[PDB]
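One chain is shown next in structure tokens, namely the form deposited in one PDB entry.
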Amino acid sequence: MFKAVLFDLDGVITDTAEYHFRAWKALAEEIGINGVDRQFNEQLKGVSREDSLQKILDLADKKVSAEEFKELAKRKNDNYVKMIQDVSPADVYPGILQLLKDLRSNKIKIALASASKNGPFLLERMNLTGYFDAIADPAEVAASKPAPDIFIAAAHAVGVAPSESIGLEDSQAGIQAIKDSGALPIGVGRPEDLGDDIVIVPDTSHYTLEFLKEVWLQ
């Protein structure tokens, strides 16, 4: 049987995308720029802060100095930090707390394999810390998803090989990161987005201990 589960955060445990989007929208409006709607935010999704700010600046062809750039970057981030202060256990996606309790009582290790620089904070805010055996620091990995590095660290941090582990993800690069780590991915989304060579559920309600055991058992 599998020994660990490795959790993505955004789109699996909860939604941070929403707050990033408002952060960026609130910034673009504040400095004159139109067109930073949810549609355009699909271009900012897994992208770096600097890379995102370029793309918002390219919309109006706005010129900025290097210090003006880094202050705009900071100002978005400050906003985002303010905005995730209202995160509560009310924001934990469906079926997820229950999956954690069951994994825990079955002595299955639990690890976070998230790109969020705010993982630990977010987990305390949702009252989930007590379930998690390790949090993989995204600052301590050489390269981000789709590289496997983070899933490797999450597994190792609870003392398993990723081959002993299931990864849960909502995005294409995450699936590929789980795949290249040696872990088994179970997706949440559409096969349109994630692939048809892997097991995907339509939402997080379907991620049960029994379903993960079913999938492992091949």
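Residues carry their position along the shown sequence, with the first being 1.
Keep in mind that the form deposited in another entry is missing from the display, and what follows is about it.
- Rigid-part rearrangement between this form and the one not shown places its hinge, out of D102, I31, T16, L44, at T16.
- Distance between the C-alpha atoms of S88 and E42: shorter by at least 3 Å in the other entry than in the displayed form.
- The gap between the Cα atoms of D91 and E42 is smaller in the other entry, by no less than 3 Å, than in this form.
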